[PDB]
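As structure tokens, one chain now follows by itself in the form deposited in one PDB entry.
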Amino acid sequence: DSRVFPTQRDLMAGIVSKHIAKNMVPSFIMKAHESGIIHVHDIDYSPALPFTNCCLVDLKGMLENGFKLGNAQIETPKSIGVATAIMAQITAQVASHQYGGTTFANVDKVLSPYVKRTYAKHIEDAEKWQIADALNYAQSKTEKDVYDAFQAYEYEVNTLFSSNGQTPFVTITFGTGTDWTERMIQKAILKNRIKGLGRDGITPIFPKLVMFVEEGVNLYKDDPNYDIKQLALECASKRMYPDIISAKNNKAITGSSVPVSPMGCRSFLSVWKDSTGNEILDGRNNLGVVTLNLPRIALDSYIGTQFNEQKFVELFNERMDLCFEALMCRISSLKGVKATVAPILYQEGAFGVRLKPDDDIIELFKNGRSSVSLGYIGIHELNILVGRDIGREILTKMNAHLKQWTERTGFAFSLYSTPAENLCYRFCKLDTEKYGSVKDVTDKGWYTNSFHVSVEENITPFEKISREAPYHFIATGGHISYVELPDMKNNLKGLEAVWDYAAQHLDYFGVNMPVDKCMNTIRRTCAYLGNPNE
């Protein structure tokens, strides 16, 4: 809410920070942001404080070894219920030290050792109490211990607030686990999600659930986990989540030999290797987002009422540079900042390393370890303004710019399809104060997300999936495609159809359907789940 204390204290800190940013960001960058030319995200956090954006938490390396959480020296969990309890405490802590989402990748694989542990204890207890049905007593207890554990993770995520009086934006991914412990975790999460939250079993907005689907594991009636896929479909039909990621396309796009979980909503890392040649994923992050307002480059290049191509070219080049200056300006503020700024992130392992209190954090992000995002929005409205479809082309040229940035600074710049849950209105409003109502651009009040096909089009699901799929291979830093569907609670084979089509053709995908009960109304009209009643 906003009338609430934690939110109010946060707004105060936001205000002080926006003011401090005015004294740190070169005026030409602030003026372009104030006017809607670009959008420097999270200015109410950074650069006042050297926060970073989103991340894949290295939960595996923290549970295995131990780590200091506050005053306490936590030790490897002896139980699955203790490892998820700890996962929640880490979720709360990481949320409070970065301003972006937090992702726990492959919880099925990561937490499996603890499910095994729980089992060993129910067996050493099935003989300690000479229990009739031994192997069966374990199977049950363990199963219950695992459901309750994720049910409690899910509950904790929904009650625990950050340092901002907000519920954490956390993402949990699974799907590539085949072992019985890995399968049990997956089912546990899907089952508990269907059950819903609390007495009225309502639909949770967090954690976001993303499932990997790969041939020979998940998508064909013959794979080991095809039954989980079925459960996942039901879940999606009743709670919107999980979204799915195509292991096949995801690996080709990222260059990673293992599926890449999105940090936060949809920010994807590119493949990276440590000094000894190892492919690292967990513990990596993103340094921020600066979004480029694409319709506005077209609008500003109109002469009278017609488009001027030569003007577009000059402005596009001018604005790409501006964006670059904006991303570097804040990355530069990270210089000289010490690991003392966020112990959970830099010292106790969430970022997969152990820096001393006096080590500079900036060194950890260099040479491609961290990604940096150049966002964009409204290809649909840009196409309309320039007379034709330049979607794939503008993005391709943006990437060529990004490659040069990467080679000059060492940071791994990528193209990001900004979720823009609110930026979609903000850019449109600022452009409207200058151009008024422009048919099919600023007239509906918002811009279309990244490269998505406008909502006003009457596209068949497969067409939409097909018209959007190539963007998943161009905007490698972050992307997703949605399809609108009616209630499919009783048409799972239909939803599986859409899933299988998206899975083959694109990367990250999700389905928007209506999900209401005797009054708990949820819709995903943009990026997050929400009640469009308020």
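The first residue of the shown sequence is 1; numbering continues from there. We call the rigid core whatever largest set of C-alpha positions still superposes within 1.5 Å between the two forms. Only residues modelled in both forms are compared.
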* **Average Cα temperature factor in the PDB entry - higher stretch of 287 to 295, 441 to 449** => 441 to 449
* Structure fact -> Between 324 to 332 and 124 to 132, the record assigns the higher mean Cα B factor to 124 to 132
* To do: Please pick out which of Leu231, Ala83, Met263, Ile377 has the largest Cα B-factor as recorded in the entry.
  => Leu231
* Which of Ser96, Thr167, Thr173, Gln306 ranks first by CA B-factor in the deposited coordinates -> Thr167
* Structure fact -> Of the three thirds of Cα B-factor ranks in this chain, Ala400 occupies the lowest
* When the modelled residues of the chain are sorted by Cα temperature factor, does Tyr416 land in the lowest, middle or highest third? -> lowest
* Asked: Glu214's Cα B-factor: lowest, middle or highest third of the chain?
  -> highest
* Third of chain Cα B-factors occupied by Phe351 -> lowest
* **Within-chain third of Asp360 by Cα B-factor, per the entry** => lowest
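What comes next is about the form deposited in another entry, which does not appear here.
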* To do: With the two forms aligned on their rigid core, point out which item of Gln98, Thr448, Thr173, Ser162 shifts its C-alpha by 2 Å or more between this form and the one not shown.
  => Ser162
* Asked: Versus the form shown, are the CA atoms of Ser162 and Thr418 closer or farther apart in the other entry, given a shift of 3 angstroms or more?
  -> farther
* **Closer or farther in the other entry, the Cα atoms of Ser162 and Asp360, when the shift from this form is 3 Å or more** => farther
* To do: Rigid core superposed, please list the runs of 3+ consecutive shared residues whose C-alphas all move by 2 Å or more between this form and the one not shown.
  => 160 to 167
